[PDB]
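Novice: below: the sequence, then the experimentally determined structure.
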Amino acid sequence: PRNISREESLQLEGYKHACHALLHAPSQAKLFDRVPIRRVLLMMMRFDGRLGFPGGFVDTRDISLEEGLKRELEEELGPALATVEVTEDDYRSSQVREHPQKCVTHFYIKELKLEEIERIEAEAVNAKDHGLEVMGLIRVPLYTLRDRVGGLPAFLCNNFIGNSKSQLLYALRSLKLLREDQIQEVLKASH
Amino acid sequence: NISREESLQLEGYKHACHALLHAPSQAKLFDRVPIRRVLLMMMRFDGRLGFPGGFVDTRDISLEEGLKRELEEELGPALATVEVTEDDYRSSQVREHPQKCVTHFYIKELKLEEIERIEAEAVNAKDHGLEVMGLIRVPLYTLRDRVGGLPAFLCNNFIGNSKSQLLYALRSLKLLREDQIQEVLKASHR
Ligand SMILES: [Mn+2]
Ligand SMILES: [Mn+2]
Ligand SMILES: [Mn+2]
Ligand SMILES: [Mn+2]
Ligand SMILES: [Mn+2]
């Protein structure tokens, strides 16, 4: 999994493209009324039994990266996304590979209002892809519990698709949620 | 393992109840792979997968009344009308080095629409976004690559003897035979 710029990857020939987004919102809620949730981050159980971000393959000879993302989000997350514009401003990074297959993955990150996230969750059951490609929506625990494992560390022990584990860790950094040491720490507690 | 009447009068041990709710399904994945059955589990606040339910004080209302409560709390209001009776009981396990606990497992077949209504109102549960970070369905099939679906699913991080219990259910409901179950774990483990 290699880093590459948007413009450079879009000039490539014979590559498959995918788009995936992290939809997130701040929250004041405290787990057990003591542990702050801080922010809601959405991921999913996929048909293949792995955790992933919503999104999928985009044909760039046909539609833009944003256009492809939009369609796949509405299919996977549901009608509530018709009110949700993920634009070029939301674009973050692009990784490329040639093995097993020549594949470029794009990652977006988009902040929403809490009630937006909540509407998305409420309406996900009505998605075309519910109970098929998408087996359920999930929130990422951002805290470590007193036992030093429960929460994010333990969650990172789940089974992730492609580079999704790495994209999330990037977002944790990008959104200033965890310091590099906190991130390294979480990864150790995870074993 | 353990036993029900042997378990319910221990001494000091803490008691928990969890349930697998499931329904038959005609749906097919890529218009190819049958779903067969919809089985509910969840992502917990601690980052692990588990069944809904929780602790129930043995002296404070029956094992079923503990469960039904923890169900409405975690899965939501829809459950008030779910009837998780004594006949829905299935097993108990004893542990010690952890907290000394008795886990009671319950399997109850519902109608699909009922599962659908449970997933749809789950976002209204007292514990949505607190104890319960989201419901999921258990993929029962195995993909052409012979890893995706259930075997990949068993590599996720499960609480307690949650995995154990699920394997039990799959045999309990004649969903997979013992060798098929073994095939799945051998694919899973690697
Ligand atoms: Mn997808
Ligand atoms: Mn898709
Ligand atoms: Mn409880
Ligand atoms: Mn509970
Ligand atoms: Mn619980």
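Specialist: Yep, that arrived. Residues are numbered from 1 along each chain as shown, chains lettered A, B, ... in the order given. Ligands and ions are numbered 1, 2, ... in the order given.

Novice: drop to CA atoms for contacts and neighbour counts, all remaining ones
Specialist: OK.

Novice: quickly list what the closest residue in space to residue A:46 that isn't next to it in sequence is bridged to.
Specialist: Nearest non-adjacent residue to residue A:46, counting by C-alpha to C-alpha, 6 or more residues apart in numbering or on different chains: residue A:134, 4.8 Å away. Under DSSP bridges, the beta-bridge partners of residue A:134 are residue A:46, residue A:130.

Novice: any idea how many residues pack against residue A:134?
Specialist: Applying other C-alpha atoms under 10 Å in any protein chain shown, we find 26 residues neighbouring residue A:134.

Novice: partners of the lengthiest strand in chain A, with directions?
Specialist: Assignment by DSSP state E gives strand A:16-31 as the longest strand of chain A. As defined by DSSP bridges, the strand partners of strand A:16-31 come to strand A:35-46 (antiparallel), strand A:55-58 (antiparallel), strand A:103-111 (parallel).

Novice: then the longest one to PDB, C-alphas only?
Specialist: Read it as strand A:35-46. Backbone C-alpha positions of strand A:35-46 (Å, rounded to 0.1, in the frame of the first residue of the first chain) are rendered in PDB as follows:
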ATOM      1  CA  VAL A  35     -16.300   8.500  29.900                       C
ATOM      2  CA  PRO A  36     -16.600  11.000  27.100                       C
ATOM      3  CA  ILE A  37     -17.700   9.700  23.700                       C
ATOM      4  CA  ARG A  38     -16.100  12.900  22.200                       C
ATOM      5  CA  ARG A  39     -17.000  12.100  18.600                       C
ATOM      6  CA  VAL A  40     -19.200   9.700  16.600                       C
ATOM      7  CA  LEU A  41     -17.300   7.800  13.800                       C
ATOM      8  CA  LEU A  42     -19.200   5.400  11.500                       C
ATOM      9  CA  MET A  43     -17.900   2.100  10.000                       C
ATOM     10  CA  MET A  44     -19.600  -1.100   9.000                       C
ATOM     11  CA  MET A  45     -19.700  -4.900   9.100                       C
ATOM     12  CA  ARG A  46     -19.400  -5.900   5.500                       C
END
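
Novice: mind listing the strands for chain A?
Specialist: A:2-4, A:16-31, A:35-46, A:51-52, A:55-58, A:91-97, A:103-111, A:134-139.

Novice: can you list those in TSV and add distance to ligand 5?
Specialist: Listed next are the strands of chain A as TSV, based on distance: least, C-alpha to the ion, whole Å:
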stretch	distance to ligand 5
strand A:2-4	40
strand A:16-31	13
strand A:35-46	17
strand A:51-52	21
strand A:55-58	30
strand A:91-97	36
strand A:103-111	30
strand A:134-139	16
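
Novice: can you tell me which helix in chain A is longest?
Specialist: Counting by DSSP state H, the longest helix found in chain A is helix A:65-77.

Novice: that helix - contacts with which helices or strands?
Specialist: strand A:16-31, strand A:55-58, helix A:114-124 (3 or more C-alpha pairs under 8 Å, 6 or more residues apart in numbering or on different chains; DSSP states H and E).

Novice: next, work out how far apart the residue of chain A found nearest ligand 1 and residue A:6 are.
Specialist: Using C-alpha to the ion, the closest approach of chain A to ligand 1 is made by residue A:56 at 4.1 Å. Residue A:56 sits at a distance of 17 Å from residue A:6 (criterion: C-alpha to C-alpha, to the nearest Å).

Novice: who's more crowded, the two?
Specialist: residue A:56 (20 against 16).

Novice: got the contact list for that one?
Specialist: Applying C-alpha atoms under 8 Å, 6 or more residues apart in numbering or on different chains, we find residue A:56 in contact with A:18-20, A:68-69, A:72.

Novice: rerun that using 6 Å as the cut-off
Specialist: Neighbouring residues of residue A:56 by C-alpha atoms under 6 Å, 6 or more residues apart in numbering or on different chains: A:18-19.

Novice: picking that back up, can you list contacts of the longest helix of chain A?
Specialist: A:19, A:55, A:58, A:81, A:124, A:127-129.

Novice: equivalent analysis for stretch A:177-191, please.
Specialist: Contacts of stretch A:177-191 (C-alpha under 6 Å, 6+ apart): A:149, A:153-154, A:172.

Novice: the same query, at a cut-off of 10 Å, please.
Specialist: Contact with stretch A:177-191 is made by A:38-39, A:142-144, A:148-158, A:169-173, as judged by C-alpha atoms under 10 Å, 6 or more residues apart in numbering or on different chains.

Novice: where's the nearest residue to residue A:18 once chain neighbours are set aside relative to residue A:63, distance?
Specialist: Excluding the flanking residues, the one nearest residue A:18 by C-alpha to C-alpha, 6+ apart is residue A:57, at 4.0 Å. With the distance defined as C-alpha to C-alpha, residue A:57 ends up 11 Å from residue A:63.

Novice: which one's more surrounded, the two?
Specialist: residue A:57 (18 against 11).

Novice: contacts only, for that one.
Specialist: With the criterion set at C-alpha under 10 Å, 6+ apart, residue A:57 makes contact with A:16-20, A:65, A:68-69, A:72, A:103-106.

Novice: rewinding a little: ligand 3: which of the contacts of helix A:65-77 is nearest?
Specialist: Once C-alpha to the ion is applied, the member of the contacts of helix A:65-77 that ends up nearest ligand 3 is residue A:124, at 27.0 Å.
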